[PDB]
Amino acid sequence: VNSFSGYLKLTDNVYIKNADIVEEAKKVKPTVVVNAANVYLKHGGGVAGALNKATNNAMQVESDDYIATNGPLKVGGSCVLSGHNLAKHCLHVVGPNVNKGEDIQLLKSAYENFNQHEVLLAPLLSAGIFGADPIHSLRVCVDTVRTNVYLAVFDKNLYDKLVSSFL
Ligand SMILES: CO[C@@H]1CN(c2ncnc3[nH]c4cc(F)ccc4c23)C[C@@H](CO)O1
């Protein structure tokens, strides 16, 4: 048993809810929250900028030190940093940016990072401002992640569409 509430069970291990990941994280304080990041860990907008704003920019300060030491992430890669006031840990995961010409087949690689964590709160990767279709993103997730993933979908129209079109 875990503390995630009102989630709609989609498969053995994938759950979905119409919720803002920032508000979900603040309420649940999960072991792992996933950030949909970029290779530079530049959290200006979207999930990244919203989580970072919720940390009062502490996520960005920590991220800048990480990059100065280690250099950029790979598209499809990840790093574990602090969850600040939102979670124990933040798993920063880079899905492909299809508006940058980045291989959509790297989205599966992005979601493989989730398998290193038994339970995660996560958004849909590569959709929204990375240009890919949310319906496709949810499909890749279900077919790749084997650990227990709680998906917070911010847009109600999309959530209703993701559920209604789920095979
Ligand atoms: C489909 O992928 C992304 C997922 N994203 C979110 N998902 C879950 N919770 C979210 N809270 C937010 C607060 C914000 F200010 C901005 C975005 C979100 C958000 C919505 C959109 C962002 O571009 O697309």
Side-chain angles (χ1 to χ4, degrees), residues 2-10 14-60 63 73 75-78 81 83-87 89-100 102-114 117 119-145 148-166:
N2 65 52
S3 152
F4 288 107
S5 177
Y7 278 78
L8 184 156
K9 184 173 182 61
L10 278 183
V14 179
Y15 294 81
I16 196 165
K17 178 191 185 175
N18 167 219
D20 168 16
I21 200 176
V22 183
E23 275 324 306
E24 280 291 298
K26 281 200 290 195
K27 164 175 92 75
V28 174
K29 292 286 247 83
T31 305
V32 180
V33 67
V34 173
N35 180 32
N38 57 56
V39 297
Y40 306 111
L41 302 178
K42 283 179 65 91
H43 315 302
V47 162
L51 288 169
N52 176 60
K53 177 181 178 185
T55 76
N56 181 46
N57 211 51
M59 178 180 284
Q60 190 65 67
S63 293
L73 295 183
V75 180
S78 70
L81 290 172
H84 300 279
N85 52 317
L86 303 177
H89 303 108
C90 180
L91 181 69
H92 295 272
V93 180
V94 184
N97 181 345
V98 157
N99 299 328
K100 291 217 215 97
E102 278 166 14
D103 181 42
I104 187 64
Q105 317 266 141
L106 291 165
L107 183 53
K108 185 163 185 80
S109 301
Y111 281 119
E112 288 171 341
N113 294 286
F114 289 26
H117 302 278
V119 183
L120 316 87
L121 172 61
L124 277 190
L125 300 175
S126 289
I129 53 193
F130 271 12
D133 189 334
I135 297 168
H136 172 71
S137 181
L138 175 58
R139 185 75 254 165
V140 180
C141 181
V142 160
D143 292 342
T144 305
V145 181
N148 291 145
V149 56
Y150 289 84
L151 295 178
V153 176
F154 183 76
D155 198 292
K156 178 75 168 139
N157 180 306
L158 181 51
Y159 171 82
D160 283 354
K161 182 198 192 111
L162 287 167
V163 171
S164 290
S165 62
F166 184 69

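Index from 1, following the sequence. Note that ligands are numbered from 1 as they come in the structure, with each ligand's atoms numbered from 1 the same way.
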For each nitrogen or oxygen atom of ligand 1, which protein N/O atoms lie closer than 3.5 Å, and how far apart are they, rounded to 0.1 Å?
unit_1	atom_1	unit_2	atom_2	d
ligand 1	2 (O)	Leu124	O	3.2
ligand 1	9 (N)	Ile21	N	2.9
ligand 1	11 (N)	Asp20	OD1	2.6

Side chain [X], main chain [Y], donor-acceptor under 3.5 Å:
{"X": "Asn18", "Y": "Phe154", "value": "yes"}
{"X": "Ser3", "Y": "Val28", "value": "no"}
{"X": "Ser164", "Y": "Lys161", "value": "no"}
{"X": "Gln60", "Y": "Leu41", "value": "yes"}
{"X": "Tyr111", "Y": "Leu125", "value": "yes"}

- prompt: Of all residues at least two apart in sequence or in a different chain, which pass the side chain to side chain donor-acceptor pair (under 3.5 Å) check with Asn2?
  reply: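 Result, side chain to side chain donor-acceptor pair (under 3.5 Å) vs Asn2: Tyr150.
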